[PDB]
Structure formats: C-alpha cells, structure tokens
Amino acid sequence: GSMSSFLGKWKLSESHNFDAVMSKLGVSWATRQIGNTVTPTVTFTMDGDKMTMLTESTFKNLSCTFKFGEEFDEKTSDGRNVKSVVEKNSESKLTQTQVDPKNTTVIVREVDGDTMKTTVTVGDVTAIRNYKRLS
C-alpha cells in the first residue's frame, strides 16, 4: 500500500534548532517552553485516499486527516488557524505546507528505516526533529 513505511507509531528522540522556528512563528513564551520539553508520539494510518496523523503529548492530543494535494483547514497545537496541504514526494517522503497570515511553515517528513526525520522551515530558519519508530 501507499506510504506503508510511515504506518505505525513514532516517538520524538531529538530536536535541533526548534526554538528558532517557534520564536519566528510568534509562539508564546509559555507554549514555546512546553514545545522545547515535551516528546510527542505520532501515529500514522492510511485509510483509502486519506492519511491520518495523530499526535499525543502531555500538552495536547491532536489529529488531522487529509487527501494528498487537497487543501484543508487546520488548527495547530499552539492555536493558529492555518490552511494546509500535504503533498506526496515519494512513498517515503511527504511535505506539509501550513499557511498562517504572518508566516508559512514547510514540514518535510521522510522515513528511513527506523528514523522519521521531520525538517521544519519558516523562511530562512530550519529545525530538524528525529523520531524513532516504536515497537
């Protein structure tokens, strides 16, 4: 099936330069501190033309469901209403674009074996967050 390497659960293992990106996004001090501490678990399932990503943490539990190439409305974990689309780059890579009125966030997720690397870019600032596959 499609995106089969994404399927299952993933837990954040490492984060590099993430404060630079939320700072740039205008995220509140207090939510930024939570964002620099919590280690979420992310679950992907693929059900038809649709992928679902569930994010679970002590802060918030959050889900989104999408068709590739199809714009949709999203509220981010920090509370911003954004227009997003997720594009399929390959069976092992997808790119999510989130457009708020102040900024645009590009989130690339690429699976390589037991690592999902998530690259987050807002203008000229980039963060990389590595997730390990669970079980």
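Position 1 is the first residue in the sequence shown; the rest follow in order.
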{"item": "Between 68 to 76 and 106 to 114 (mean CA B-factor, as deposited), the higher", "value": "68 to 76"}
{"item": "Stretch exceeding the other in mean C-alpha B-factor - 2 to 10, 124 to 132", "value": "2 to 10"}
{"item": "Ranked against its chain, the third holding the CA B-factor of residue 42", "value": "lowest"}
{"item": "Assigned third (lowest, middle, highest) for the C-alpha B factor of residue 96", "value": "lowest"}
